[PDB]
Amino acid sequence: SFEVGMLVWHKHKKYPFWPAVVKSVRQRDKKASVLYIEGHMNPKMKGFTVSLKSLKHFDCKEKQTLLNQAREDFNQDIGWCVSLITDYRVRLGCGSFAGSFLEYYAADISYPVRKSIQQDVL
């Protein structure tokens, strides 16, 4: 039950679970397409292929554990995710915006957050 534009976790070998957004889902044969959320991304870069079985929903019970695991070697980076996802969920929840995470990242309303990130690389 992974829908397109949903937020998920994915683990590449040797790497910790990282958040991502779903772009394609091949519902009827166990595979999906996904793109990592990270401080600087291209939201128009096509989604690399995974399998449904390997995805956790972003808001699963494991969340807090998964987020700490990432803060081991990627504190600043996992920070950049949480900033974006959190900022996106505010616009959504406080009514200021209605599109998808990727649309958030491309729109002018992400600016104030992308600025902090992009510059933090400074």
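Note that residue numbering follows the sequence shown and begins at 1.
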Of 7-15 and 98-106, the one with larger mean CA B-factor: 7-15
Entry-level comparison of average CA B-factors, 86-94 and 53-61, reporting the higher stretch: 53-61
Third of the chain's Cα B-factor distribution that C81 belongs to, per the entry: lowest
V22 - Cα temperature factor, lowest/middle/highest third of chain: middle
Chain thirds of CA B-factor: placement of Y36: lowest
